[PDB]
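Asker: Have a look at the structure that comes next, please.
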Amino acid sequence: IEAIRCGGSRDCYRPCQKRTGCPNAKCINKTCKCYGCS
């Protein structure tokens, strides 16, 4: 998968919220692990 880099979890909201619809994500392994509202 494409590695969404994040300095923080709030840095994951924009992509993951845009992708899924919800900002639910974890900045883990320096990569945004998006869950959204699946």
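Identifiers for the structure tokens are assigned positionally: chains receive A, B, ... in sequence, residues are indexed from 1 per chain, and ligands are indexed from 1 in the order shown.
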Give me, as a VMD selection string, the residues of chain A that a backbone DSSP run labels strand (DSSP E or B).

Answerer: chain A and resid 5 25 to 28 31 to 34

Asker: For the residues selected in the previous step, produce a file with N, CA, C and O atoms as a short mmCIF file (atom, residue, chain, number, x, y, z; two decimals), in the first residue's frame.

Answerer:
```
data_model
loop_
_atom_site.label_atom_id
_atom_site.label_comp_id
_atom_site.auth_asym_id
_atom_site.auth_seq_id
_atom_site.Cartn_x
_atom_site.Cartn_y
_atom_site.Cartn_z
N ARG A 5 2.75 9.10 5.21
CA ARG A 5 3.62 9.52 6.29
C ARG A 5 2.91 10.49 7.22
O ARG A 5 2.10 11.31 6.78
N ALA A 25 -7.82 7.14 12.35
CA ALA A 25 -6.57 6.59 11.87
C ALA A 25 -5.53 6.54 12.98
O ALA A 25 -5.64 7.24 13.98
N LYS A 26 -4.54 5.69 12.80
CA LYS A 26 -3.44 5.58 13.74
C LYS A 26 -2.12 5.86 13.03
O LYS A 26 -1.83 5.27 11.99
N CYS A 27 -1.34 6.77 13.58
CA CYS A 27 -0.01 7.04 13.05
C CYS A 27 0.97 6.01 13.60
O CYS A 27 1.72 6.29 14.54
N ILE A 28 0.93 4.82 13.04
CA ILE A 28 1.73 3.71 13.52
C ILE A 28 2.78 3.31 12.49
O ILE A 28 2.50 3.30 11.29
N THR A 31 3.33 5.44 9.59
CA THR A 31 2.39 5.35 8.49
C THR A 31 0.96 5.46 9.00
O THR A 31 0.62 4.90 10.04
N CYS A 32 0.15 6.21 8.29
CA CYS A 32 -1.25 6.38 8.66
C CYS A 32 -2.05 5.12 8.39
O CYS A 32 -2.23 4.71 7.24
N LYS A 33 -2.52 4.51 9.46
CA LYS A 33 -3.35 3.32 9.36
C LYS A 33 -4.81 3.75 9.49
O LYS A 33 -5.33 3.90 10.60
N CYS A 34 -5.44 3.97 8.35
CA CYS A 34 -6.78 4.52 8.31
C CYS A 34 -7.83 3.44 8.56
O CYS A 34 -7.74 2.33 8.02
#
```

Asker: Write out as a short mmCIF file (atom, residue, chain, number, x, y, z; two decimals) with C-alpha atoms, in the first residue's frame the residues lying within 12 Å of residue 20 of chain A, counting only C-alpha atoms and excluding same-chain residues fewer than 6 positions away.

Answerer:
```cif
data_model
loop_
_atom_site.label_atom_id
_atom_site.label_comp_id
_atom_site.auth_asym_id
_atom_site.auth_seq_id
_atom_site.Cartn_x
_atom_site.Cartn_y
_atom_site.Cartn_z
CA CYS A 12 -3.55 11.17 9.37
CA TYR A 13 -7.01 12.70 9.61
CA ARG A 14 -6.77 14.62 6.33
CA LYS A 33 -3.35 3.32 9.36
CA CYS A 34 -6.78 4.52 8.31
CA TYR A 35 -9.97 2.91 9.59
CA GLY A 36 -12.50 5.64 9.01
CA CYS A 37 -16.05 4.41 9.32
CA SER A 38 -15.76 1.17 7.43
#
```

Asker: What's the separation between atom CA of residue 23 of chain A and atom CA of residue 11 of chain A, in Å to one decimal place?

Answerer: 9.7 Å

Asker: List every residue of chain A that DSSP, applied to the backbone of this structure, assigns to helix (DSSP H, G or I), and report them as a count of residues only.

Answerer: 11
